[PDB]
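S.K.: Dumping the structure here so I can ask a few things about it.
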Number of protein chains: 4
Amino acid sequence: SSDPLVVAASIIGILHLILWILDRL
Amino acid sequence: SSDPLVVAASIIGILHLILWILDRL
Amino acid sequence: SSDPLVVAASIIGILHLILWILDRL
Amino acid sequence: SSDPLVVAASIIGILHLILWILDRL
Ligand SMILES: C[C@H](N)[C@]12C[C@H]3C[C@H](C[C@H](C3)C1)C2
Ligand SMILES: [Cl-]
Ligand code: NA
C-alpha cells in the first residue's frame, strides 16, 4: 500500500515514461 | 501508507507536473 | 511495503539515474 | 512505510530537486 498521493505521482512518472517513448518511436 | 520522504518526493513530482503545464498554457 | 505501481515507478527513476550517469561517464 | 526501493527513488528525486535549485542560485 501507498499514500494515494504517492500512487498518483507514480502514475505521472509511468505515463511520463510512456510518452517519452511514444514521442521517440 | 508511505514513508514521509516518499510523500514529499511525491508532492515534488506532482507540483513539477503542475508547473510544467502552467508554463506551457 | 508499497503498491506495485509505486515500485515500478521507483525502478524507472533509479534506472533513469543509472542511464543518465552512464551516458556521461 | 515504503519499499526501500521506493525510499531510494524518493531520495534521488529530492536530491535532484536540491541540486537543480543549487545550480540556479
Ligand atoms: C520520481 C517520481 N516523481 C516518483 C513518483 C513517486 C513518488 C517518488 C518515488 C517514486 C514514486 C518516483 C517520486
Ligand atoms: Cl509506499
Ligand atoms: Na506503503
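Every chain in the C-alpha cells has a letter given in the order shown (A, B, ...), and although residue numbers restart at 1 in each chain, ligands are simply numbered from 1 in the order shown.
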Check which residues fall inside 8 Å of ligand 3 when counting only C-alpha atoms and all ligand atoms, and print them as a PyMOL selection string.
M.R.: (chain A and resi 1-3) or (chain B and resi 1-3) or (chain C and resi 1-3) or (chain D and resi 1-3)
S.K.: Export, as a compact mmCIF listing (two decimals), in the first residue's frame, the selected residues with N, CA and C atoms.
M.R.:
```
# COMPACT_ATOMS: atom_id res chain seq x y z
N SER A 1 0.80 -1.21 0.00
CA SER A 1 0.00 0.00 0.00
C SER A 1 0.86 1.29 0.00
N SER A 2 0.23 2.38 -0.45
CA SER A 2 0.87 3.68 -0.55
C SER A 2 -0.18 4.76 -0.37
N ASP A 3 0.29 5.91 0.08
CA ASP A 3 -0.48 7.14 0.06
C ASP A 3 -1.06 7.37 -1.34
N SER B 1 -0.19 3.36 3.36
CA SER B 1 0.68 4.37 3.92
C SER B 1 1.95 4.51 3.06
N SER B 2 2.73 5.56 3.33
CA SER B 2 4.05 5.71 2.72
C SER B 2 4.93 6.49 3.68
N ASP B 3 6.24 6.23 3.57
CA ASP B 3 7.26 6.99 4.29
C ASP B 3 7.14 8.49 3.97
N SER C 1 6.18 -1.59 3.00
CA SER C 1 5.65 -2.07 1.73
C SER C 1 5.25 -0.88 0.82
N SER C 2 5.00 -1.16 -0.46
CA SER C 2 4.43 -0.17 -1.36
C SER C 2 3.58 -0.89 -2.38
N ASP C 3 2.68 -0.12 -2.98
CA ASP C 3 1.88 -0.53 -4.12
C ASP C 3 2.77 -0.79 -5.33
N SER D 1 4.89 3.30 5.81
CA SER D 1 6.07 2.57 5.41
C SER D 1 6.15 2.56 3.87
N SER D 2 7.34 2.26 3.32
CA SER D 2 7.53 2.09 1.89
C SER D 2 8.61 1.04 1.65
N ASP D 3 8.56 0.44 0.47
CA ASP D 3 9.63 -0.39 -0.04
C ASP D 3 10.95 0.39 -0.05
```
S.K.: Residues of chain B near chain A: apply a cut-off of 10 Å, count only C-alpha atoms, and supply the list as a short mmCIF file (atom, residue, chain, number, x, y, z; two decimals) with N, CA, C and O atoms, in the first residue's frame.
M.R.:
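Output saved as result-v2.cif:
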```
data_model
loop_
_atom_site.label_atom_id
_atom_site.label_comp_id
_atom_site.auth_asym_id
_atom_site.auth_seq_id
_atom_site.Cartn_x
_atom_site.Cartn_y
_atom_site.Cartn_z
N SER B 1 -0.19 3.36 3.36
CA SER B 1 0.68 4.37 3.92
C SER B 1 1.95 4.51 3.06
O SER B 1 2.23 3.64 2.22
N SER B 2 2.73 5.56 3.33
CA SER B 2 4.05 5.71 2.72
C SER B 2 4.93 6.49 3.68
O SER B 2 4.45 7.26 4.51
N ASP B 3 6.24 6.23 3.57
CA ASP B 3 7.26 6.99 4.29
C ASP B 3 7.14 8.49 3.97
O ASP B 3 6.80 8.86 2.84
N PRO B 4 7.32 9.37 4.96
CA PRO B 4 7.09 10.80 4.68
C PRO B 4 8.05 11.35 3.62
O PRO B 4 7.71 12.34 2.95
N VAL B 6 8.85 9.67 0.96
CA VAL B 6 8.24 9.25 -0.29
C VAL B 6 7.06 10.15 -0.64
O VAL B 6 6.84 10.47 -1.82
N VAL B 7 6.32 10.59 0.39
CA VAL B 7 5.22 11.56 0.22
C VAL B 7 5.76 12.89 -0.29
O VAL B 7 5.14 13.54 -1.14
N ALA B 8 6.85 13.38 0.30
CA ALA B 8 7.43 14.64 -0.12
C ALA B 8 7.96 14.54 -1.56
O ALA B 8 7.69 15.42 -2.39
N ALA B 9 8.68 13.46 -1.89
CA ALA B 9 9.10 13.29 -3.27
C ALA B 9 7.91 13.20 -4.19
O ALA B 9 7.98 13.62 -5.34
N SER B 10 6.79 12.66 -3.70
CA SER B 10 5.56 12.59 -4.49
C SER B 10 5.00 13.98 -4.73
O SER B 10 4.63 14.32 -5.86
N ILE B 11 4.94 14.79 -3.68
CA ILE B 11 4.40 16.14 -3.81
C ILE B 11 5.27 16.96 -4.77
O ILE B 11 4.75 17.79 -5.52
N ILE B 12 6.59 16.72 -4.78
CA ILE B 12 7.50 17.39 -5.72
C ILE B 12 7.18 17.01 -7.16
O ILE B 12 7.31 17.85 -8.08
N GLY B 13 6.90 15.73 -7.41
CA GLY B 13 6.66 15.30 -8.79
C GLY B 13 5.32 15.84 -9.29
O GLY B 13 5.22 16.28 -10.44
N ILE B 14 4.34 15.91 -8.40
CA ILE B 14 3.02 16.45 -8.75
C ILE B 14 3.11 17.95 -9.00
O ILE B 14 2.56 18.46 -9.98
N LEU B 15 3.78 18.68 -8.11
CA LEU B 15 3.95 20.11 -8.33
C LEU B 15 4.78 20.37 -9.57
O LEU B 15 4.58 21.36 -10.28
N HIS B 16 5.72 19.48 -9.85
CA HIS B 16 6.53 19.62 -11.05
C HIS B 16 5.67 19.50 -12.30
O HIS B 16 5.81 20.27 -13.25
N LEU B 17 4.77 18.52 -12.30
CA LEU B 17 3.80 18.41 -13.39
C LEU B 17 2.94 19.67 -13.47
O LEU B 17 2.77 20.26 -14.55
#
```
S.K.: Hand me chain B as it sits after a least-squares fit onto chain C over every Cα, paired in order, written as a PDB file with N, CA and C atoms, in the first residue's frame.
M.R.:
```pdb
ATOM      1  N   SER B   1       5.962  -1.595   2.995  1.00  0.00           N
ATOM      2  CA  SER B   1       5.471  -2.061   1.710  1.00  0.00           C
ATOM      3  C   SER B   1       5.166  -0.851   0.803  1.00  0.00           C
ATOM      4  N   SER B   2       4.924  -1.126  -0.482  1.00  0.00           N
ATOM      5  CA  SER B   2       4.442  -0.114  -1.405  1.00  0.00           C
ATOM      6  C   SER B   2       3.611  -0.795  -2.482  1.00  0.00           C
ATOM      7  N   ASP B   3       2.669  -0.027  -3.028  1.00  0.00           N
ATOM      8  CA  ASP B   3       1.876  -0.439  -4.179  1.00  0.00           C
ATOM      9  C   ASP B   3       2.789  -0.824  -5.350  1.00  0.00           C
ATOM     10  N   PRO B   4       2.465  -1.886  -6.099  1.00  0.00           N
ATOM     11  CA  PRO B   4       3.401  -2.313  -7.158  1.00  0.00           C
ATOM     12  C   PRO B   4       3.605  -1.252  -8.235  1.00  0.00           C
ATOM     13  N   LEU B   5       2.629  -0.365  -8.426  1.00  0.00           N
ATOM     14  CA  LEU B   5       2.764   0.748  -9.350  1.00  0.00           C
ATOM     15  C   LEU B   5       3.783   1.757  -8.852  1.00  0.00           C
ATOM     16  N   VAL B   6       3.893   1.903  -7.524  1.00  0.00           N
ATOM     17  CA  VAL B   6       4.860   2.812  -6.924  1.00  0.00           C
ATOM     18  C   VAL B   6       6.261   2.217  -7.003  1.00  0.00           C
ATOM     19  N   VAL B   7       6.360   0.884  -6.859  1.00  0.00           N
ATOM     20  CA  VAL B   7       7.625   0.154  -7.032  1.00  0.00           C
ATOM     21  C   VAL B   7       8.137   0.287  -8.461  1.00  0.00           C
ATOM     22  N   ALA B   8       7.245   0.106  -9.440  1.00  0.00           N
ATOM     23  CA  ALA B   8       7.637   0.218 -10.834  1.00  0.00           C
ATOM     24  C   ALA B   8       8.081   1.646 -11.164  1.00  0.00           C
ATOM     25  N   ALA B   9       7.313   2.655 -10.729  1.00  0.00           N
ATOM     26  CA  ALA B   9       7.761   4.029 -10.934  1.00  0.00           C
ATOM     27  C   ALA B   9       9.083   4.271 -10.240  1.00  0.00           C
ATOM     28  N   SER B  10       9.330   3.584  -9.120  1.00  0.00           N
ATOM     29  CA  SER B  10      10.606   3.702  -8.417  1.00  0.00           C
ATOM     30  C   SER B  10      11.725   3.112  -9.242  1.00  0.00           C
ATOM     31  N   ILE B  11      11.500   1.914  -9.789  1.00  0.00           N
ATOM     32  CA  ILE B  11      12.532   1.259 -10.582  1.00  0.00           C
ATOM     33  C   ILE B  11      12.855   2.099 -11.827  1.00  0.00           C
ATOM     34  N   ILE B  12      11.853   2.791 -12.392  1.00  0.00           N
ATOM     35  CA  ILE B  12      12.063   3.697 -13.530  1.00  0.00           C
ATOM     36  C   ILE B  12      12.964   4.861 -13.151  1.00  0.00           C
ATOM     37  N   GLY B  13      12.755   5.433 -11.960  1.00  0.00           N
ATOM     38  CA  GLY B  13      13.538   6.602 -11.573  1.00  0.00           C
ATOM     39  C   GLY B  13      14.979   6.207 -11.281  1.00  0.00           C
ATOM     40  N   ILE B  14      15.168   5.022 -10.704  1.00  0.00           N
ATOM     41  CA  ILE B  14      16.507   4.511 -10.417  1.00  0.00           C
ATOM     42  C   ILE B  14      17.243   4.165 -11.706  1.00  0.00           C
ATOM     43  N   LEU B  15      16.578   3.462 -12.622  1.00  0.00           N
ATOM     44  CA  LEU B  15      17.196   3.155 -13.901  1.00  0.00           C
ATOM     45  C   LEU B  15      17.474   4.426 -14.677  1.00  0.00           C
ATOM     46  N   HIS B  16      16.605   5.416 -14.523  1.00  0.00           N
ATOM     47  CA  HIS B  16      16.811   6.694 -15.188  1.00  0.00           C
ATOM     48  C   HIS B  16      18.086   7.359 -14.683  1.00  0.00           C
ATOM     49  N   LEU B  17      18.281   7.348 -13.369  1.00  0.00           N
ATOM     50  CA  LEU B  17      19.539   7.835 -12.801  1.00  0.00           C
ATOM     51  C   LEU B  17      20.721   7.026 -13.346  1.00  0.00           C
ATOM     52  N   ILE B  18      20.603   5.692 -13.337  1.00  0.00           N
ATOM     53  CA  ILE B  18      21.712   4.845 -13.797  1.00  0.00           C
ATOM     54  C   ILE B  18      22.165   5.292 -15.172  1.00  0.00           C
ATOM     55  N   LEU B  19      21.215   5.363 -16.113  1.00  0.00           N
ATOM     56  CA  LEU B  19      21.525   5.645 -17.514  1.00  0.00           C
ATOM     57  C   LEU B  19      22.033   7.059 -17.717  1.00  0.00           C
ATOM     58  N   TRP B  20      21.396   8.035 -17.074  1.00  0.00           N
ATOM     59  CA  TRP B  20      21.899   9.404 -17.072  1.00  0.00           C
ATOM     60  C   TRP B  20      23.400   9.431 -16.729  1.00  0.00           C
ATOM     61  N   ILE B  21      23.802   8.676 -15.706  1.00  0.00           N
ATOM     62  CA  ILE B  21      25.221   8.628 -15.322  1.00  0.00           C
ATOM     63  C   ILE B  21      26.032   8.010 -16.448  1.00  0.00           C
ATOM     64  N   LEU B  22      25.633   6.800 -16.877  1.00  0.00           N
ATOM     65  CA  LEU B  22      26.362   6.055 -17.909  1.00  0.00           C
ATOM     66  C   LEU B  22      26.593   6.875 -19.171  1.00  0.00           C
ATOM     67  N   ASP B  23      25.577   7.611 -19.625  1.00  0.00           N
ATOM     68  CA  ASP B  23      25.723   8.455 -20.805  1.00  0.00           C
ATOM     69  C   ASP B  23      26.697   9.608 -20.598  1.00  0.00           C
ATOM     70  N   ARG B  24      27.058   9.913 -19.349  1.00  0.00           N
ATOM     71  CA  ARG B  24      27.951  11.022 -19.042  1.00  0.00           C
ATOM     72  C   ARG B  24      29.341  10.580 -18.595  1.00  0.00           C
ATOM     73  N   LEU B  25      29.594   9.275 -18.502  1.00  0.00           N
ATOM     74  CA  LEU B  25      30.923   8.769 -18.139  1.00  0.00           C
ATOM     75  C   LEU B  25      31.899   8.716 -19.294  1.00  0.00           C
TER      76      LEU B  25
END
```
S.K.: Which of chain A counts as helix (DSSP H, G or I) under DSSP, as an MDAnalysis selection string please?
M.R.: chainID A and resid 4:23
S.K.: Go ahead and save the residues from that selection, with N, CA, C and O atoms, as a compact mmCIF listing (two decimals), in the first residue's frame.
M.R.:
```
# COMPACT_ATOMS: atom_id res chain seq x y z
N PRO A 4 -2.35 7.70 -1.46
CA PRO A 4 -2.87 7.95 -2.82
C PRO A 4 -2.08 9.01 -3.60
O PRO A 4 -2.00 8.94 -4.83
N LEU A 5 -1.52 10.00 -2.89
CA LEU A 5 -0.64 10.99 -3.50
C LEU A 5 0.58 10.35 -4.14
O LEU A 5 1.06 10.81 -5.20
N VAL A 6 1.14 9.34 -3.47
CA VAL A 6 2.31 8.61 -3.96
C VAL A 6 1.93 7.78 -5.17
O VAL A 6 2.67 7.74 -6.18
N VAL A 7 0.73 7.18 -5.14
CA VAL A 7 0.23 6.42 -6.29
C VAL A 7 0.08 7.33 -7.50
O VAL A 7 0.44 6.96 -8.63
N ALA A 8 -0.49 8.52 -7.30
CA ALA A 8 -0.70 9.44 -8.40
C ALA A 8 0.63 9.92 -8.98
O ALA A 8 0.82 9.94 -10.21
N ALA A 9 1.57 10.31 -8.12
CA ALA A 9 2.89 10.67 -8.60
C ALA A 9 3.55 9.52 -9.36
O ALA A 9 4.32 9.74 -10.29
N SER A 10 3.24 8.29 -8.96
CA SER A 10 3.76 7.11 -9.63
C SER A 10 3.16 6.97 -11.01
O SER A 10 3.83 6.51 -11.94
N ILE A 11 1.89 7.35 -11.15
CA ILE A 11 1.21 7.21 -12.43
C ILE A 11 1.67 8.31 -13.38
O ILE A 11 1.84 8.08 -14.57
N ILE A 12 1.92 9.51 -12.84
CA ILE A 12 2.59 10.56 -13.61
C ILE A 12 3.90 10.04 -14.20
O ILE A 12 4.16 10.23 -15.40
N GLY A 13 4.77 9.47 -13.35
CA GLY A 13 6.09 9.05 -13.82
C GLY A 13 6.02 7.97 -14.89
O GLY A 13 6.69 8.06 -15.92
N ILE A 14 5.17 6.96 -14.66
CA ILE A 14 4.96 5.88 -15.64
C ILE A 14 4.42 6.44 -16.96
O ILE A 14 4.86 6.05 -18.04
N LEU A 15 3.40 7.31 -16.88
CA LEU A 15 2.86 7.93 -18.07
C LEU A 15 3.89 8.83 -18.74
O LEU A 15 4.01 8.85 -19.97
N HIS A 16 4.68 9.55 -17.94
CA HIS A 16 5.82 10.28 -18.50
C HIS A 16 6.74 9.33 -19.29
O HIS A 16 7.12 9.61 -20.43
N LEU A 17 7.07 8.17 -18.71
CA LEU A 17 7.88 7.21 -19.47
C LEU A 17 7.18 6.81 -20.77
O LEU A 17 7.78 6.86 -21.85
N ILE A 18 5.89 6.44 -20.70
CA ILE A 18 5.16 6.00 -21.90
C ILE A 18 5.34 7.02 -23.00
O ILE A 18 5.73 6.68 -24.12
N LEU A 19 5.04 8.29 -22.70
CA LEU A 19 5.02 9.31 -23.74
C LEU A 19 6.41 9.64 -24.25
O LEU A 19 6.61 9.85 -25.46
N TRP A 20 7.39 9.76 -23.35
CA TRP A 20 8.77 9.87 -23.80
C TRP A 20 9.07 8.81 -24.89
O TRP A 20 9.65 9.12 -25.94
N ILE A 21 8.67 7.57 -24.65
CA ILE A 21 8.90 6.50 -25.62
C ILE A 21 8.15 6.80 -26.90
O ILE A 21 8.74 6.83 -27.99
N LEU A 22 6.84 7.12 -26.79
CA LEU A 22 5.99 7.27 -27.97
C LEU A 22 6.45 8.42 -28.85
O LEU A 22 6.44 8.30 -30.08
N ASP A 23 6.86 9.53 -28.23
CA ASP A 23 7.40 10.66 -28.99
C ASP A 23 8.68 10.32 -29.73
O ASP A 23 9.05 11.07 -30.65
```
